[PDB]
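A single chain comes next, written as structure tokens; it is the form deposited in one PDB entry.
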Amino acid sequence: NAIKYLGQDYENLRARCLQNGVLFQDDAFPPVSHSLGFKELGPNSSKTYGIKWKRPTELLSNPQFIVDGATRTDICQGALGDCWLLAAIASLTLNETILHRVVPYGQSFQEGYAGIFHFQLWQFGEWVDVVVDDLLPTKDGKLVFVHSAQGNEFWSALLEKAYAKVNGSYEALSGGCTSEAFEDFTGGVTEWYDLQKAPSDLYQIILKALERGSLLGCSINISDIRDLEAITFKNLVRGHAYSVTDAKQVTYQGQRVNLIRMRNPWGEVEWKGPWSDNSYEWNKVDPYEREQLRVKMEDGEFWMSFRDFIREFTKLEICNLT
């Protein structure tokens, strides 16, 4: 069993709040500006001033912890520099086993609800259980930070809040390393690859990792500083964490082509080159392959050929488990 972060005991706190007729408020990460941040989200900042802390049960009549499963579409980035963390959460959802260690079963806004949730992280060399109250930063009734494409679903907002808590504040999450979040979800071994010096068998390495449920992420280095914009000519975002979510092969005019699928944790803004949702390449594959693989949706997720992938991206990170 996970040991309790700060000695806070989820089931005991929940049961005592229920008995006492109150909702949990977390002394260890309270609903005040110091939990938001210190500079950009400090007590005297423009961003801090508009934010009000509200529970999902104050926002909606029927809030849900999980709706139609805990999946990657549930990860839509808000106003914070935590793309690395969110890419890691999106990847985590592809492995049901490790997903449900991090996100314990049986949490809800219905029977037994007392305004407290918990998650498990690999921290301080231990598996630790971390509680949060469900007060969330909002503005005009909408979540400021991570949210689900399903507007009534809250597990990912709550997980991001627990991760903020262990790190001291939401602002503490701005700017980071995908591999760090990978490790914090698995206690696994991380490795990275320089895509400009990719091993000849890299695609097979990727296939194998995806098969075993390893976590994969990629990024494009900003080499000049930010000159050719944050966004590239083909609509990729530089200095930004993407989740790698699949690797599949297609028959393009009678010849195999290796493809790779990734997801922008914004839940929008995608590659517009070959193999993108609207590209001509799909016209020339097996109709079945097209129907199985292509999804015409602005959802942040898209395909590239492996060839284009290794040209456009610069870094690949893989976290391997047991």
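So that there is no doubt, residue numbering starts at 1 and follows the sequence shown. Here, rigid core means the biggest group of C-alpha atoms that superpose within 1.5 Å across both forms.
Exercise. Would 199-207 or 138-146 have the larger average of its C-alpha temperature factors, as given in the entry?
Worked result: Result: 199-207.
Exercise. If you average the Cα B factors in the entry, which is higher, 279-287 or 30-38?
Worked result: Higher mean C-alpha B-factor in the PDB entry: 279-287.
Exercise. Among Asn258, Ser61, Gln64, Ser45, where is the Cα temperature factor highest, going by the PDB entry?
Worked result: Top of the list by C-alpha B-factor: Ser45.
Exercise. Out of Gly151, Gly213, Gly217, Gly176, which one has a C-alpha B factor higher than all the others in the entry?
Worked result: Among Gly151, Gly213, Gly217, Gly176, the PDB entry lists the largest C-alpha B-factor for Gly213.
For this session: Determine, from the deposited record, the chain-internal third of the Cα B-factor for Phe233: lowest, middle or highest.
Result: As the PDB entry reports it, the C-alpha B-factor of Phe233 lands in the highest third of its chain.
For this session: Give the position of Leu6 by CA B-factor within its chain, expressed as the lowest, middle or highest third.
Result: Bottom third by C-alpha B-factor.
Exercise. Relative to the other modelled residues in the chain, which third contains the C-alpha temperature factor of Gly168: lowest, middle or highest?
Worked result: Ranked within chain, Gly168 CA B lands in the lowest tercile.
Exercise. Which third of the chain holds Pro56 when residues are ordered by C-alpha B factor: lowest, middle or highest?
Worked result: Lowest third of the chain for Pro56's C-alpha B-factor.
For this session: Divide the modelled residues of the chain into thirds by Cα B-factor and specify which third, lowest, middle or highest, holds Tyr105.
Result: Highest third of the chain for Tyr105's C-alpha B-factor.
Below, we refer to the form deposited in another entry, which is not included among the displayed structures.
For this session: Select from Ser108, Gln196, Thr97, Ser223 the only position whose Cα moves 2 Å or more between the shown form and the other one when the core is aligned.
Result: With the rigid core superposed, the residue that stands out is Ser223.
Problem set entry | Rigid core superposition, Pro31 Cα moves 2 angstroms or more between the shown form and the other one | Moves: no, less than 2 Å.
Problem set entry | Flag for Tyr49, CA shift 2 Å or larger between the shown form and the other one after aligning core | Shift of 2 Å or more: yes.
For this session: Might you say whether the CA atoms of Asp227 and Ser174 end up closer or farther apart in that other deposited form than in this form? Their distance differs by 3 Å or more.
Result: They are closer; the C-alpha distance drops by 3 Å or more in that other deposited form.
For this session: Once you account for a change of 3 Å or more, let me know if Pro274 and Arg226 sit closer or farther in that other deposited form, using their C-alpha atoms.
Result: Relative to the displayed form, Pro274 and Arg226 move farther apart in that other deposited form - a change of at least 3 Å between their C-alphas.
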